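S.K.: The structure's right below; bear with me while I get my questions together.
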Amino acid sequence: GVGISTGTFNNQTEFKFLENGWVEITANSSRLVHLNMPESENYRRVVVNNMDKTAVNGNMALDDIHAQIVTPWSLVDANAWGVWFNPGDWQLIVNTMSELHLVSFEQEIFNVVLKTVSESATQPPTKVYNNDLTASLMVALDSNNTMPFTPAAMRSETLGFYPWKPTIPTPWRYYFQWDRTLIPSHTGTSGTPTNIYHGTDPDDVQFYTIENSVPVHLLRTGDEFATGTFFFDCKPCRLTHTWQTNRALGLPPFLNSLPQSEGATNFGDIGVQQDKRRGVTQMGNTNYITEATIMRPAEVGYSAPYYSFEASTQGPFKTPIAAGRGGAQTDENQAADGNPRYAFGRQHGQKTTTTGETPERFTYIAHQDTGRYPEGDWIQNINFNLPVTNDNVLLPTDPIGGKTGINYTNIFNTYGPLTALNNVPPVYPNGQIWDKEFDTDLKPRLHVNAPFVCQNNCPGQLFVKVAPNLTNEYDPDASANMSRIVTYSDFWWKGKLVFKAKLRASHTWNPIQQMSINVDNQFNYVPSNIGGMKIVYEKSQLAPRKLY
Amino acid sequence: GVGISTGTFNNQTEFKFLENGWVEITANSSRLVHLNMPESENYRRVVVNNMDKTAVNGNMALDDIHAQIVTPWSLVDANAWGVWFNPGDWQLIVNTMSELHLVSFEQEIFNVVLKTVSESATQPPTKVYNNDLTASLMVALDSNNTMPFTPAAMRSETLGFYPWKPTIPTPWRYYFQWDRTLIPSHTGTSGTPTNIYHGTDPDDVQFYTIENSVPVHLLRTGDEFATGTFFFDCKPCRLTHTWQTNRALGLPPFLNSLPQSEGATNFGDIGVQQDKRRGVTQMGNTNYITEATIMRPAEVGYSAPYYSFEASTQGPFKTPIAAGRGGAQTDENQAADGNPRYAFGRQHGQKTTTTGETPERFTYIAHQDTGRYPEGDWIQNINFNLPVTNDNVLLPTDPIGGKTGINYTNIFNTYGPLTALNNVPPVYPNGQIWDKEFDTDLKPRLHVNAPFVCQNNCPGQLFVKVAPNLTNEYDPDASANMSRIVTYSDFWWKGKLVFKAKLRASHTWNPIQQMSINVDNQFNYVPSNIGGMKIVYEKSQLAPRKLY
Amino acid sequence: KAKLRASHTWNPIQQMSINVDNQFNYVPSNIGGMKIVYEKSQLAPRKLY
């Protein structure tokens with residue numbers, strides 16, 4: 001009814017321990033969503049063109065030319081870790097569990113309130129907000145996944161992370177087809193390369209509308225819309241990292257001489273010469289069996305061509321890399337490729353009382369040792385004389401193509417049938433939870449943006465829009481814009497995400513690295529005297545696991 | 001209730017494939033309709049008289065004198081192709097099906113909103129729109145077809161073609177009886193012909209009101225009106241055209257000499273003289289058997305007197321022609337008679353962001369070869385000497401009545417008992433879907449405006465009107481106009497039209513002409529950067545069919 | 001065994017058709033010379049993601 005509520009606020013996460021060390025995690029989340037009427041009631045087709053920026057030779061990485069369809073609908077997106085967990089629940093899950101399953105997902109909309117602004121133009125020009133009890137909110141649930149899938153976590157435009165703060169939805173848009181061609185150059189190149197935007201191929205035109213595809217529900221004040229329960233079928237995401245490289249697989253060599261005194265410089269020693277040892281190598285012309293030459297079962301990780309831009313029908317793009325380097329060799333100073341860098345605003349983890357429009361940034365360096373250190377690689381000739389000569393090695397200090405800043409590791413690629421690698425780790429709080437698999441014949445082995453991939457079907461997207469509120473003067477045969485009453489809405493969203501985890505067990509004599517609070521990160525978890533909150537990122541794969 | 005919705009937006013078309021190659025097409029359509037209170041609450045009887053225009057000799061085709069009854073009700077009319085299908089569904093139906101049945105039709109009205117304008121006269125004179133929760137909307141459904149049938153597609157006044165755009169209904173009116181007499185003339189005629197409007201015959205006066213004929217429902221905000229399901233009984237409309245003329249029926253002549261080399265000028269030849277052949281003719285005094293003389297089973301198409309104005313009790317009108325010419329001989333330059341010409345506005349297919357009040361026009365040239373080429377006809381004497389003499393042929397260059405611009409084909413008529421012809425094709429998007437059969441004793445064989453004719457009964461018309469909102473001062477004994485509160489309405493219309501089609505089959509070695517998108521008509525199906533949309537017309541009978 | 005396609009967008013789809021250019025590739029000549037010109041097979045688009 002008019003003065004009857006249709007739902008209940010709930011933002012609790014529960015832990016229900018089953019038998020055999022399985023625990024059912026059910027995270028609830030509720031928000032207050034503020035929605036304005038759209039700027040235009042029509043679908044647009046806008047072409048973005050920053051050709052003045054890439055007209056300077058060398059700046060071809062800054063390309064932004066694309067085409068998109070601007071729709072009057074808005075999207076409610078809750079596909080991020082920080083929507084469902086606070087740092088206490090995340091510390092509990094990360095420290096106590098070993099693997100994670102994704103079970104189900106629901107959402108609903110209740111307690112709709114529509115108000116109209118009537119700006120009484122005084123000399124202090126005021127505005128009185130009145131309830132419009134007969135206005136409607138239009139809600140479309142794309143359960144068959146007919147619309148193009150747009151995850152909002154990649155643009156940092158999901159729901160907010162604080163339960164006591166009102167949030168906004170994202171204006172929806174999708175990509176339209178275009179053709180462009182950009183020839184690269186460098187600073188000090190004679191002439192201008194081709195920088196051409198061709199247009200649209202008629203064989204690839206797809207124009208989607210919400211009205212022709214999805215049934216749209218009209219919600220007044222006493223109405224309530226509830227999505228049913230979707231059920232996932234996914235692979236488990238493991239909360240442990242591996243440390244073993246190719247240099248630490250299998251049986252170590254037997255030491256015939258052990259140290260007799262304590263110290264960091266009392267080393268052990270194999271008492272056999274390198275040309276008198278036993279074991280298997282893969283060098284048919286070499287009697288040396290060392291730690292770098294001994295045969296391993298497979299290879300962990302691979303080398304990829306890093307900072308490689310590939311061009312296609314719609315312009316250049318960067319090549320994605322599955323796992324980057326990180327650990328004792330690389331810091332914030334030592335720049336690497338493969339580690340993602342997140343940017344976000346005050347709604348998603350930045351300090352709420354900060355000044356300026358510069359976002360907050362961090363680079364996520366994972367714990368799994370599956371990367372490569374490109375400054376220590378080399379090729380050598382198959383003759384394999386051990387004091388190697390100048391013209392028999394390919395070093396990373398040798399120029400490729402005459403360019404002194406390019407070596408062979410920039411174009412190297414060692415992916416093969418012996419390559420083993422790991423899935424991507426979850427990133428709290430800004431990371432995505434699930435993702436959709438590509439509708440192609442040969443599917444990729446992993447995604448670099450989400451730990452779960454719903455294979456057959458994913459949860460349908462939820463669209464929302466304020467219904468048009470017309471005035472007395474309205475002529476559809478006139479070419480001008482539709483004149484509407486200034487209306488906005490407030491509704492309550494409530495979701496429920498259910499997981500399933502397994503409690504970890506101790507295997508070693510020594511303790512394990514855990515997530516804790518100390519004197520350094522103390523004031524990152526409490527509000528300030530004004531109420532400024534923030535959410536700093538936390539690691540997810542803390543405990544180690546033996547690979548082999 | 002007040003804050004409870006009473007319906008659901010739906011604008012999807014479904015395809016449900018049955019057995020034996022039959023598919024059930026169910027098109028849904030929903031709109032938002034904007035309705036003002038009427039200008040006057042009374043019925044009027046207005047006589048239109050453009051006698052100053054036809055006072056000039058020669059302009060008697062521009063007659064507009066009639067009489068009509070102006071009612072305060074409005075009509076909701078959804079009898080057009082573009083209300084139910086988008087160009088994708090139309091391409092699917094036209095390319096894949098062969099015939100079309102019309103099954104059922106429903107409509108309903110829900111989510112009524114009534115608002116009053118109270119213009120607070122400030123120096124920036126504003127107006128505040130307030131909900132009137134106790135106001136009513138009057139809805140009359142003429143299910144027995146008592147009112148005169150007025151199809152709105154002939155004046156381009158149906159509902160809009162875009163689902164995301166609000167639409168308006170049409171103010172209802174019907175024809176009243178009058179008598180007029182106009183004698184034609186030409187430029188340079190001595191004197192003035194009779195141009196007289198007589199008046200009304202008392203034997204033919206019919207004054208219809210909605211209140212005395214139809215039960216009227218009163219709808220407040222929580223109310224919902226739903227028409228039941230009407231069921232059609234109609235002949236099927238075929239989506240294939242015929243190409244065979246009278247010159248291509250039956251067995252061709254046997255060729256005694258075939259060409260020996262390829263080329264466009266290596267012709268075949270019948271090796272028999274024209275006075276030595278066999279076969280049946282219909283010339284009792286002629287031994288020549290040629291392709292023009294050989295007997296055919298019947299005649300396809302007919303000749304009609306074209307641009308012939310007939311006069312009757314109520315003035316002159318044009319004579320309708322069933323099928324006009326079109327193809328290799330006629331273009332937009334070569335003007336023809338019989339092909340319809342549509343005019344329409346921004347609500348019905350014109351570019352929405354265009355300027356001016358000039359409508360958009362197109363001439364629909366069909367594919368069926370059932371017309372006539374009047375420049376190639378001739379009569380000749382029954383003596384039939386084959387090099388024909390000057391005074392033995394009637395040519396289209398010979399003047400009829402001494403007039404050099406008139407030949408005998410303007411007054412010719414060859415309709416007979418041997419005439420075969422085809423039904424009218426559907427015109428997307430502006431064409432009518434169904435039509436009512438005349439309530440006369442001898443009914444016409446076809447209509448030139450709709451492919452379906454509901455014979456016994458048709459769907460009843462839906463009338464709508466805002467109920468009167470009186471003020472405190474109201475005196476019915478005073479001769480002045482009723483003073484009302486300025487009120488308008490917004491309601492949602494939702495219809496459901498069900499068809500039945502049969503999937504086509506391939507019969508020939510060669511492919512068939514289809515409807516496709518290419519580089520010419522590419523930007524006719526996508527919005528612009530402002531949101532300007534348009535709907536260009538598409539052909540409906542694409543595949544050929546053998547007549548005999 | 002095939003599955004009939006469905007319409008998803010507002011705009012039409014590119015189809016295979018006969019026109020004035022490829023007209024005489026599907027009929028025999030006056031001597032009987034026939035030919036078969038190649039045709040494309042993946043005409044309609046599909047969203048990848």
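Here's how to read the names in the structure tokens: chain A, B, ... by the order shown, residue numbers from 1 in each chain, ligand numbers from 1 in the order shown.
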Could you write out as a PyMOL selection string the residues of chain B within 8 Å of chain A, counting only C-alpha atoms?
M.R.: chain B and resi 1-5+7-13+34+36+113+117+128-129+131+163-168+221+345-347+352-355+487-488+490+517-519+522+526-531
S.K.: Which residues, written as a PyMOL selection string, have at least one atom at most 8 Å from region 433-450 of chain A, with only C-alpha atoms counted and residues fewer than 5 positions away on the same chain left out?
M.R.: (chain A and resi 79-81+149+151+320-322+423-426+455-458) or (chain C and resi 47-49)
S.K.: Quick one: everything within 6 Å of region 403-414 of chain B, counting only C-alpha atoms, minus sequence neighbours fewer than 2 positions away in the same chain. Send it as a PyMOL selection string.
M.R.: chain B and resi 302-306+396+398-401
S.K.: Keeping only C-alpha atoms, write the selected residues as a CSV table (one decimal), in the first residue's frame.
M.R.:
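Saved file result_20.csv follows:
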```
chain,number,residue,atom,x,y,z
B,302,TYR,CA,-7.3,-5.5,-66.8
B,303,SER,CA,-7.4,-2.0,-68.3
B,304,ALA,CA,-9.2,0.6,-66.3
B,305,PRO,CA,-10.1,4.2,-67.3
B,306,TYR,CA,-7.2,6.0,-65.5
B,396,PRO,CA,-2.7,6.1,-78.6
B,398,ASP,CA,-4.9,9.5,-82.2
B,399,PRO,CA,-7.1,12.2,-80.5
B,400,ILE,CA,-10.3,11.3,-78.9
B,401,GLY,CA,-13.0,14.0,-79.1
```
S.K.: Could you name the residues that touch region 25-41 of chain C at 7 Å or less, counting only C-alpha atoms, but leaving out those on the same chain fewer than 2 positions away, as number ranges by chain?
M.R.: B: 259-262, 510; C: 22-23, 43
S.K.: Using N, CA, C and O atoms, can you export the residues from the last selection as an mmCIF file, in the first residue's frame?
M.R.:
```
data_model
loop_
_atom_site.group_PDB
_atom_site.id
_atom_site.type_symbol
_atom_site.label_atom_id
_atom_site.label_comp_id
_atom_site.auth_asym_id
_atom_site.auth_seq_id
_atom_site.Cartn_x
_atom_site.Cartn_y
_atom_site.Cartn_z
ATOM 1 N N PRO B 259 21.134 -21.775 -81.271
ATOM 2 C CA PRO B 259 22.409 -21.111 -81.560
ATOM 3 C C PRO B 259 23.599 -22.030 -81.318
ATOM 4 O O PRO B 259 23.520 -22.998 -80.560
ATOM 5 N N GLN B 260 24.712 -21.717 -81.980
ATOM 6 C CA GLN B 260 25.914 -22.535 -81.894
ATOM 7 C C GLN B 260 27.049 -21.870 -81.131
ATOM 8 O O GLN B 260 28.040 -22.541 -80.824
ATOM 9 N N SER B 261 26.933 -20.583 -80.817
ATOM 10 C CA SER B 261 27.967 -19.861 -80.095
ATOM 11 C C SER B 261 27.327 -18.998 -79.020
ATOM 12 O O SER B 261 26.163 -18.609 -79.127
ATOM 13 N N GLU B 262 28.100 -18.705 -77.979
ATOM 14 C CA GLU B 262 27.598 -17.875 -76.896
ATOM 15 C C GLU B 262 27.603 -16.407 -77.299
ATOM 16 O O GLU B 262 28.384 -15.973 -78.150
ATOM 17 N N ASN B 510 18.128 -21.540 -58.675
ATOM 18 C CA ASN B 510 18.707 -20.232 -58.440
ATOM 19 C C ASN B 510 18.216 -19.646 -57.114
ATOM 20 O O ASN B 510 17.162 -20.039 -56.611
ATOM 21 N N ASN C 22 25.048 -10.375 -60.088
ATOM 22 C CA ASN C 22 25.218 -11.819 -60.111
ATOM 23 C C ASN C 22 24.033 -12.548 -60.722
ATOM 24 O O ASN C 22 23.793 -13.705 -60.368
ATOM 25 N N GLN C 23 23.292 -11.904 -61.621
ATOM 26 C CA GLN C 23 22.059 -12.451 -62.173
ATOM 27 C C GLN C 23 22.305 -13.670 -63.050
ATOM 28 O O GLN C 23 21.645 -14.700 -62.891
ATOM 29 N N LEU C 43 26.722 -14.977 -42.197
ATOM 30 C CA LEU C 43 26.221 -13.682 -42.640
ATOM 31 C C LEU C 43 25.740 -12.836 -41.471
ATOM 32 O O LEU C 43 26.033 -11.638 -41.401
#
```
S.K.: Taking a cut-off of 8 Å and counting only C-alpha atoms, can you build a table that, for each residue of chain C near chain B, reports the nearest atom pair and how far apart they are in Å (one decimal), sorted by chain then residue number, as CSV?
M.R.:
```
residue,atom,partner,partner_atom,distance
C:6,CA,B:15,CA,7.9
C:7,CA,B:88,CA,6.2
C:8,CA,B:88,CA,7.7
C:9,CA,B:88,CA,6.5
C:10,CA,B:88,CA,5.5
C:11,CA,B:88,CA,5.2
C:12,CA,B:88,CA,4.4
C:13,CA,B:517,CA,6.0
C:14,CA,B:516,CA,4.9
C:15,CA,B:516,CA,5.1
C:16,CA,B:514,CA,6.9
C:17,CA,B:513,CA,4.9
C:18,CA,B:513,CA,5.0
C:19,CA,B:513,CA,7.1
C:26,CA,B:510,CA,5.3
C:27,CA,B:510,CA,7.1
C:29,CA,B:262,CA,7.2
C:30,CA,B:262,CA,6.3
C:31,CA,B:262,CA,6.4
```
S.K.: May I have the residues from that selection written out with N, CA, C and O atoms, as an mmCIF file, in the first residue's frame?
M.R.:
```cif
data_model
loop_
_atom_site.group_PDB
_atom_site.id
_atom_site.type_symbol
_atom_site.label_atom_id
_atom_site.label_comp_id
_atom_site.auth_asym_id
_atom_site.auth_seq_id
_atom_site.Cartn_x
_atom_site.Cartn_y
_atom_site.Cartn_z
ATOM 1 N N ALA C 6 16.634 -16.299 -34.739
ATOM 2 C CA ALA C 6 15.687 -15.380 -34.132
ATOM 3 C C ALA C 6 16.212 -13.964 -34.271
ATOM 4 O O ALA C 6 17.423 -13.749 -34.356
ATOM 5 N N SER C 7 15.298 -13.001 -34.304
ATOM 6 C CA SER C 7 15.698 -11.606 -34.382
ATOM 7 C C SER C 7 15.933 -11.044 -32.987
ATOM 8 O O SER C 7 15.160 -11.294 -32.059
ATOM 9 N N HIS C 8 17.008 -10.277 -32.842
ATOM 10 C CA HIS C 8 17.350 -9.706 -31.550
ATOM 11 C C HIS C 8 17.464 -8.194 -31.568
ATOM 12 O O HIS C 8 17.300 -7.573 -30.515
ATOM 13 N N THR C 9 17.729 -7.581 -32.711
ATOM 14 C CA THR C 9 18.006 -6.160 -32.781
ATOM 15 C C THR C 9 16.893 -5.439 -33.525
ATOM 16 O O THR C 9 15.998 -6.055 -34.103
ATOM 17 N N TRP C 10 16.965 -4.109 -33.492
ATOM 18 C CA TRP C 10 15.991 -3.284 -34.195
ATOM 19 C C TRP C 10 16.254 -3.282 -35.692
ATOM 20 O O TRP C 10 15.319 -3.175 -36.490
ATOM 21 N N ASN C 11 17.503 -3.402 -36.088
ATOM 22 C CA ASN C 11 17.901 -3.245 -37.474
ATOM 23 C C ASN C 11 17.887 -4.590 -38.203
ATOM 24 O O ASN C 11 17.976 -5.643 -37.571
ATOM 25 N N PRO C 12 17.757 -4.583 -39.529
ATOM 26 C CA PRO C 12 17.822 -5.839 -40.279
ATOM 27 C C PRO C 12 19.233 -6.396 -40.353
ATOM 28 O O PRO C 12 20.213 -5.786 -39.921
ATOM 29 N N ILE C 13 19.319 -7.575 -40.953
ATOM 30 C CA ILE C 13 20.536 -8.350 -40.988
ATOM 31 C C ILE C 13 20.934 -8.546 -42.447
ATOM 32 O O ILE C 13 20.097 -8.550 -43.345
ATOM 33 N N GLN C 14 22.240 -8.650 -42.700
ATOM 34 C CA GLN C 14 22.758 -8.852 -44.049
ATOM 35 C C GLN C 14 22.397 -10.250 -44.530
ATOM 36 O O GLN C 14 22.644 -11.234 -43.828
ATOM 37 N N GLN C 15 21.812 -10.335 -45.721
ATOM 38 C CA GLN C 15 21.326 -11.586 -46.278
ATOM 39 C C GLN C 15 21.942 -11.840 -47.646
ATOM 40 O O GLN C 15 22.538 -10.950 -48.255
ATOM 41 N N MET C 16 21.785 -13.070 -48.122
ATOM 42 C CA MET C 16 22.246 -13.449 -49.448
ATOM 43 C C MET C 16 21.105 -13.326 -50.448
ATOM 44 O O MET C 16 20.030 -13.899 -50.258
ATOM 45 N N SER C 17 21.344 -12.581 -51.524
ATOM 46 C CA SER C 17 20.273 -12.227 -52.440
ATOM 47 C C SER C 17 20.783 -12.241 -53.873
ATOM 48 O O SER C 17 21.989 -12.269 -54.120
ATOM 49 N N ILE C 18 19.843 -12.236 -54.812
ATOM 50 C CA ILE C 18 20.179 -12.119 -56.223
ATOM 51 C C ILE C 18 19.885 -10.697 -56.701
ATOM 52 O O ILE C 18 18.914 -10.058 -56.294
ATOM 53 N N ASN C 19 20.769 -10.169 -57.541
ATOM 54 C CA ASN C 19 20.614 -8.808 -58.037
ATOM 55 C C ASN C 19 21.106 -8.756 -59.476
ATOM 56 O O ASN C 19 21.336 -9.788 -60.109
ATOM 57 N N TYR C 26 23.521 -17.895 -62.215
ATOM 58 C CA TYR C 26 22.675 -18.963 -61.703
ATOM 59 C C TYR C 26 21.769 -19.560 -62.773
ATOM 60 O O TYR C 26 20.923 -20.401 -62.462
ATOM 61 N N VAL C 27 21.918 -19.137 -64.022
ATOM 62 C CA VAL C 27 21.108 -19.658 -65.118
ATOM 63 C C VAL C 27 22.046 -20.162 -66.208
ATOM 64 O O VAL C 27 23.165 -19.648 -66.340
ATOM 65 N N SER C 29 23.547 -20.771 -70.066
ATOM 66 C CA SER C 29 23.635 -19.950 -71.259
ATOM 67 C C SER C 29 22.879 -20.613 -72.404
ATOM 68 O O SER C 29 22.174 -21.606 -72.224
ATOM 69 N N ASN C 30 23.028 -20.050 -73.603
ATOM 70 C CA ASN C 30 22.335 -20.609 -74.757
ATOM 71 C C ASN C 30 22.991 -21.883 -75.267
ATOM 72 O O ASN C 30 22.371 -22.612 -76.047
ATOM 73 N N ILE C 31 24.223 -22.166 -74.852
ATOM 74 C CA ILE C 31 24.869 -23.428 -75.192
ATOM 75 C C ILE C 31 24.695 -24.454 -74.077
ATOM 76 O O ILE C 31 24.806 -25.662 -74.325
#
```
S.K.: Tell me, which residues of region 60-302 of chain B carry DSSP helix (DSSP H, G or I), written as a PDB file with N, CA and C atoms, in the first residue's frame?
M.R.:
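Writing done, so here's part32.pdb:
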```pdb
ATOM      1  N   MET B  60     -11.267  21.733 -60.518  1.00  0.00           N
ATOM      2  CA  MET B  60     -12.369  21.029 -59.873  1.00  0.00           C
ATOM      3  C   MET B  60     -11.918  19.727 -59.219  1.00  0.00           C
ATOM      4  N   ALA B  61     -10.644  19.361 -59.377  1.00  0.00           N
ATOM      5  CA  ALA B  61     -10.107  18.225 -58.636  1.00  0.00           C
ATOM      6  C   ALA B  61      -9.785  18.572 -57.193  1.00  0.00           C
ATOM      7  N   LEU B  62      -9.720  19.857 -56.857  1.00  0.00           N
ATOM      8  CA  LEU B  62      -9.364  20.315 -55.524  1.00  0.00           C
ATOM      9  C   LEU B  62     -10.576  20.537 -54.634  1.00  0.00           C
ATOM     10  N   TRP B  81       0.903  -1.433 -39.729  1.00  0.00           N
ATOM     11  CA  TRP B  81       1.928  -2.467 -39.616  1.00  0.00           C
ATOM     12  C   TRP B  81       3.041  -2.045 -38.670  1.00  0.00           C
ATOM     13  N   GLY B  82       3.401  -0.767 -38.690  1.00  0.00           N
ATOM     14  CA  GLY B  82       4.537  -0.283 -37.933  1.00  0.00           C
ATOM     15  C   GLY B  82       4.342  -0.225 -36.434  1.00  0.00           C
ATOM     16  N   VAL B  83       3.102  -0.355 -35.970  1.00  0.00           N
ATOM     17  CA  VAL B  83       2.842  -0.390 -34.538  1.00  0.00           C
ATOM     18  C   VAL B  83       3.334  -1.702 -33.936  1.00  0.00           C
ATOM     19  N   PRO B  87      11.846  -3.221 -38.086  1.00  0.00           N
ATOM     20  CA  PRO B  87      12.417  -3.747 -39.343  1.00  0.00           C
ATOM     21  C   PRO B  87      13.125  -5.098 -39.256  1.00  0.00           C
ATOM     22  N   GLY B  88      13.604  -5.507 -38.081  1.00  0.00           N
ATOM     23  CA  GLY B  88      14.199  -6.829 -37.966  1.00  0.00           C
ATOM     24  C   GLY B  88      13.171  -7.940 -38.047  1.00  0.00           C
ATOM     25  N   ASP B  89      12.057  -7.779 -37.325  1.00  0.00           N
ATOM     26  CA  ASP B  89      10.977  -8.759 -37.383  1.00  0.00           C
ATOM     27  C   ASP B  89      10.319  -8.773 -38.751  1.00  0.00           C
ATOM     28  N   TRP B  90      10.232  -7.609 -39.392  1.00  0.00           N
ATOM     29  CA  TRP B  90       9.656  -7.547 -40.727  1.00  0.00           C
ATOM     30  C   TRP B  90      10.561  -8.222 -41.742  1.00  0.00           C
ATOM     31  N   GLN B  91      11.880  -8.078 -41.583  1.00  0.00           N
ATOM     32  CA  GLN B  91      12.812  -8.772 -42.465  1.00  0.00           C
ATOM     33  C   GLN B  91      12.717 -10.278 -42.286  1.00  0.00           C
ATOM     34  N   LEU B  92      12.560 -10.728 -41.039  1.00  0.00           N
ATOM     35  CA  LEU B  92      12.411 -12.156 -40.770  1.00  0.00           C
ATOM     36  C   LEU B  92      11.137 -12.716 -41.395  1.00  0.00           C
ATOM     37  N   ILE B  93      10.021 -12.000 -41.238  1.00  0.00           N
ATOM     38  CA  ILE B  93       8.732 -12.461 -41.757  1.00  0.00           C
ATOM     39  C   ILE B  93       8.728 -12.451 -43.282  1.00  0.00           C
ATOM     40  N   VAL B  94       9.260 -11.386 -43.880  1.00  0.00           N
ATOM     41  CA  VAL B  94       9.233 -11.251 -45.331  1.00  0.00           C
ATOM     42  C   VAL B  94      10.184 -12.246 -45.989  1.00  0.00           C
ATOM     43  N   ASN B  95      11.374 -12.440 -45.418  1.00  0.00           N
ATOM     44  CA  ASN B  95      12.342 -13.322 -46.050  1.00  0.00           C
ATOM     45  C   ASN B  95      12.044 -14.796 -45.820  1.00  0.00           C
ATOM     46  N   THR B  96      11.439 -15.169 -44.691  1.00  0.00           N
ATOM     47  CA  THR B  96      11.324 -16.584 -44.374  1.00  0.00           C
ATOM     48  C   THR B  96       9.953 -17.192 -44.636  1.00  0.00           C
ATOM     49  N   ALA B 152      -7.979   5.027 -39.027  1.00  0.00           N
ATOM     50  CA  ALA B 152      -7.120   6.196 -38.910  1.00  0.00           C
ATOM     51  C   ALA B 152      -5.851   6.102 -39.741  1.00  0.00           C
ATOM     52  N   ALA B 153      -5.555   4.946 -40.338  1.00  0.00           N
ATOM     53  CA  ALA B 153      -4.336   4.808 -41.124  1.00  0.00           C
ATOM     54  C   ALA B 153      -4.414   5.535 -42.457  1.00  0.00           C
ATOM     55  N   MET B 154      -5.616   5.843 -42.934  1.00  0.00           N
ATOM     56  CA  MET B 154      -5.798   6.561 -44.186  1.00  0.00           C
ATOM     57  C   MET B 154      -5.554   8.053 -44.053  1.00  0.00           C
ATOM     58  N   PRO B 202     -33.369  15.018 -45.715  1.00  0.00           N
ATOM     59  CA  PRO B 202     -33.898  14.546 -44.424  1.00  0.00           C
ATOM     60  C   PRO B 202     -34.071  13.042 -44.345  1.00  0.00           C
ATOM     61  N   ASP B 203     -34.081  12.352 -45.480  1.00  0.00           N
ATOM     62  CA  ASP B 203     -34.202  10.901 -45.484  1.00  0.00           C
ATOM     63  C   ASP B 203     -32.926  10.195 -45.054  1.00  0.00           C
ATOM     64  N   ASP B 204     -31.799  10.899 -44.990  1.00  0.00           N
ATOM     65  CA  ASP B 204     -30.502  10.284 -44.765  1.00  0.00           C
ATOM     66  C   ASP B 204     -29.787  10.803 -43.527  1.00  0.00           C
ATOM     67  N   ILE B 210     -21.945   8.747 -28.463  1.00  0.00           N
ATOM     68  CA  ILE B 210     -21.296   7.632 -27.777  1.00  0.00           C
ATOM     69  C   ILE B 210     -22.110   7.217 -26.558  1.00  0.00           C
ATOM     70  N   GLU B 211     -22.777   8.182 -25.920  1.00  0.00           N
ATOM     71  CA  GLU B 211     -23.439   7.929 -24.645  1.00  0.00           C
ATOM     72  C   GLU B 211     -24.688   7.077 -24.811  1.00  0.00           C
ATOM     73  N   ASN B 212     -25.448   7.302 -25.879  1.00  0.00           N
ATOM     74  CA  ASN B 212     -26.677   6.552 -26.083  1.00  0.00           C
ATOM     75  C   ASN B 212     -26.441   5.172 -26.675  1.00  0.00           C
ATOM     76  N   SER B 213     -25.240   4.892 -27.166  1.00  0.00           N
ATOM     77  CA  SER B 213     -24.964   3.655 -27.883  1.00  0.00           C
ATOM     78  C   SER B 213     -24.069   2.691 -27.126  1.00  0.00           C
ATOM     79  N   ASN B 246       0.215 -12.576 -69.944  1.00  0.00           N
ATOM     80  CA  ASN B 246      -0.462 -13.418 -70.920  1.00  0.00           C
ATOM     81  C   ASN B 246       0.504 -13.944 -71.968  1.00  0.00           C
ATOM     82  N   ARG B 247       1.649 -13.289 -72.139  1.00  0.00           N
ATOM     83  CA  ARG B 247       2.640 -13.729 -73.108  1.00  0.00           C
ATOM     84  C   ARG B 247       3.539 -14.843 -72.589  1.00  0.00           C
ATOM     85  N   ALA B 248       3.308 -15.350 -71.383  1.00  0.00           N
ATOM     86  CA  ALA B 248       4.150 -16.384 -70.799  1.00  0.00           C
ATOM     87  C   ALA B 248       3.329 -17.456 -70.103  1.00  0.00           C
TER      88      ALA B 248
END
```
S.K.: As a list in words, please: the residues near residue 343 (chain A) (cut-off 9 Å, only C-alpha atoms, same-chain neighbours under 3 positions excluded).
M.R.: residues 155, 156, 359, 360, 361, 362 and 430 of chain A
S.K.: Which residues, written as a list in words, have at least one atom at most 9 Å from region 269-281 of chain A, with only C-alpha atoms counted and residues fewer than 4 positions away on the same chain left out?
M.R.: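 Returned residues: residues 253, 254, 255, 256, 257, 258, 259, 286, 287, 288, 289, 290, 293, 294, 295 and 296 of chain A.
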S.K.: In Å, rounded to a single decimal, give me how far CA of residue 375 (chain B) is from CA of residue 392 (chain B).
M.R.: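 Value for the CA of residue 392 (chain B)-CA of residue 375 (chain B) distance: 17.8 Å.
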S.K.: Record the distance separating CA of residue 330 (chain A) and CA of residue 308 (chain A), expressed in Å with one decimal.
M.R.: 20.5 Å
